[PDB]
Amino acid sequence: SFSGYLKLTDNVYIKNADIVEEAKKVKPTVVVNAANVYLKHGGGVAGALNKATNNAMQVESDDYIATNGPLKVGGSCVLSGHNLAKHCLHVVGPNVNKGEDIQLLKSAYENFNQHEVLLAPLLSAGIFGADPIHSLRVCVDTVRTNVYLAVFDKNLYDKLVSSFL
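If you want the entry's author numbering, it's the 1-based position in the sequence shown plus 4.
In structure tokens, the structure reads:
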């Protein structure tokens, strides 16, 4: 299973890791993608996960969007995990840099409750512009299923652990 995680709560675990390398190592049932409503996996975690799939995630995502239209901010869809996981849960956290309502972060994390165990990044963190300390707080207060958080940045990981209440 998952190794080297620090236990934050009964169900939330955290590690300083590259989520792509973590997904390849573990091949979890579910890897969470920090998706946008269009499933355009250009950068951040989405760009990295997509590049690891040799663009198969993007090809599948474009077919999903062509059939279903865009996701809602706070929403999700389950697609293939390709070479990274059984499934990829594409979750759309609010993008603060696009003026999206930060209150939608709790709705975004609620999607995780539909899966018993997940490998995930902090939603709305990084290029999505939200405070990662706030994202971790919303995660612990919303997610009830087992969530293994991968935080790429060592300095951010240390700040998250040392400030965790």
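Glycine is no exception: its CB is placed at the ideal position from the N, C-alpha and C atoms.
Sorted by chain position, which residues of the same chain lie with C-beta nearer than 6 Å to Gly85's C-beta, five sequence neighbours on each side aside?
Around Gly85: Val35, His91, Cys92.
Measuring CB atoms only, is the stretch 123-130 touching the stretch 58-69, in the sense that at least three cross pairs come out at less than 8 Å?
The stretch 123-130 is not in contact with the stretch 58-69.
Rounded to a whole number of angstroms, what is the C-alpha to C-alpha distance between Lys28 and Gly133?
Using only the alpha carbons, I get a separation of about 27 Å.
Any idea if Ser5 is buried or exposed, counting beta-carbon neighbours within 10 angstroms, 16 or more meaning buried?
When all chains shown are included, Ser5 counts as exposed.
What is the DSSP secondary structure of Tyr152, reduced to helix, strand or coil?
Of the three classes helix, strand and coil, the one that applies to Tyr152 here is strand, per DSSP.
C-alpha distance - residue 231 paired with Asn101, whole-angstrom precision:
Missing from the structure shown is residue 231; the chain here goes from 5 to 169 and no further.
The beta strand (DSSP E) enclosing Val96, as first and last residue numbers:
It is not in any beta strand (DSSP E) - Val96 carries neither H nor E in the DSSP assignment.
Give the single residue among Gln107, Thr13, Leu43, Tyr113 whose Cα lies nearest to the Cα of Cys143.
With respect to the C-alpha of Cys143, the residue from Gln107, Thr13, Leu43, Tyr113 having the closest C-alpha is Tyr113.
Indicate the three-state DSSP secondary structure (helix, strand or coil) for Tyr9 in the structure shown.
If DSSP states are grouped into helix, strand and coil, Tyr9 belongs with coil.
Residue(s) in a DSSP beta bridge with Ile18:
The secondary-structure analysis by DSSP pairs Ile18 across a beta bridge with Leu10, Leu153.
Would you call the CB atoms of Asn37 and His45 closer than 9 Å?
Going by C-beta atoms, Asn37 is nearer than 9 Å to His45.
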